[PDB]
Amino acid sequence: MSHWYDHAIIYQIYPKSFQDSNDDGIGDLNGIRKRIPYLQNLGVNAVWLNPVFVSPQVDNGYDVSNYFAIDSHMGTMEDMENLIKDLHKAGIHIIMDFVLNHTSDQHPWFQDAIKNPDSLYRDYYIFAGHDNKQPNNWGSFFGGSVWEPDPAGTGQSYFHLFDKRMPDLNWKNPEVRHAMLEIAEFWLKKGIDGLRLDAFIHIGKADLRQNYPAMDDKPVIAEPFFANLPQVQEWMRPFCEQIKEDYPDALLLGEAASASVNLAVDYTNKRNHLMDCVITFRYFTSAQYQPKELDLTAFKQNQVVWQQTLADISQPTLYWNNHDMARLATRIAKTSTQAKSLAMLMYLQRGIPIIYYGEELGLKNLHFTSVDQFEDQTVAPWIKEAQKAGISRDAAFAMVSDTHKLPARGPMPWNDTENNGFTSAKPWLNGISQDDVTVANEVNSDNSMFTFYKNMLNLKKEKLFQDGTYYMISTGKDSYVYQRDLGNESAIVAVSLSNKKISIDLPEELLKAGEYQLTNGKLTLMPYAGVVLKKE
């Protein structure tokens, strides 16, 4: 059999910034329903929306306090059932972020164990200790220890791998494993078509009695003790198999952020009955907020390694930018021409494109003043360093605004009405919006970024670019170039990464996507440009 997701094309929405439909300045699900026409015109066949479960919003809703309802700002279960009905009527699927490693301190289960030390929900989380002592030196990704002495408070301590308020689930206890399955099945019965299984690599944690020998004696971020353990695969296996059995058209898409490529195999290999695909973070490359310079050859090695090592097994995921990173323009594009060229570069390879909302319009990071807006701690102390450097106030803010995750959640600019018709009230975030793009301007203008992605996406649907093999061409270190072939038919994508015009040796030759080039047999590309050439 073949399933809908084999020929998938995914549009990621951070729904707080997509469309506000009740004038609170916060985007909602009814907003997204209003803009289904826009999505069809772009040609995306699936929407992955960010978490929308009831949640304290301590960490963009991945700190979940109730999987069975729906955050009040976003709307009502009625709205969500209708969104998944409307999208299905437009031939569009939907997939949700579902986090398997932790809940919030607010989840009923944790609230039972924090208040009853004799509760059976103490086993649903990870508790150990003597007299507010940490039983080992493991350190969280968010700072200090993974341990937090319980409020209950017996002089034990509960495990959190991230923030103190996001306690980890004990996957050893099979009562959690069924429960998480029940959450997944619940949503699949609603008719959501897949699920982004988040932080799943961390369900496995070592023998708690062990320490990691370190710098000493500060608690240490010991990935080996709580990432990619054999337990991960054995606990996921029945979880995945059960989902598949009952909902076989369901996409199970993993987050293996910075996992081994050999691990991406383990998680995606059909033999192991786990995941269909995996997002990886390994594609890419005062201290810490200085504008990023992509190590361009390193990108080429990883892009090839991944396309190659996964050729026989699984589709790679194809993405540029995100809700947790600076947008494409800003972070890496130098021009409208390169923005187009890069999208081409990445997405016409073998895989499933995941394109971030607003990337298609060629949006940039918002750019703004005041630490508060950032919802981040390190920005204040970091700006002080550059100021000492004597980089202007203006310039210091810019640098951080051009590198930080949060400026990449700008509201969609849809039109020329107030707040670009995103809302009517104060939008939940706003700043400079440097510089002004709107969907009205780009849906008409066939020169625009949008029209390029539209045409680019219709090409991607073709049997050549969906199912064909991939082979990266011998390297202009200047330029990214590769070939896609069905065996019967064949085409070459070629993209300039130089600001000076450059030349390419290749066979012969029909064009479809492209932005200014030469025709002889040898090929010359205008600066940062690129073209798709079908052979004979």
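One-based numbering along the sequence shown.
- The entry models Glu508 and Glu509 with a gap of 4 to 9 deposited residues left without coordinates.
- The entry shows a gap from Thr285 to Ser286, with 10 or more unmodelled residues of the deposited sequence in between.
- When the mean C-alpha temperature factors of 76 to 84 and 392 to 400 are read from the deposited coordinates, 392 to 400 comes out higher.
- Remark: stretch with higher mean C-alpha B factor among 351 to 359 and 288 to 296 is 288 to 296.
- Out of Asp163, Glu223, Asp312, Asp168, it is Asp312 whose C-alpha atom has the highest B-factor in the PDB entry.
- Per the PDB record, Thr154 has a higher Cα B-factor than any other of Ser104, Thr154, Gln231, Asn136.
- Sort the modelled residues of the chain by CA B factor and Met346 lands in the middle third.
- The deposited CA B-factor of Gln12 belongs to the lowest third of values across its chain.
- Per the deposited record, the Cα B-factor of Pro108 falls in the lowest third when ranked against the other modelled residues of its chain.
- Compared with the other modelled residues of the chain, the Cα B-factor recorded for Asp485 ranks in the middle third.
- The PDB entry assigns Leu533 a C-alpha temperature factor belonging to the middle third of its chain's modelled residues.
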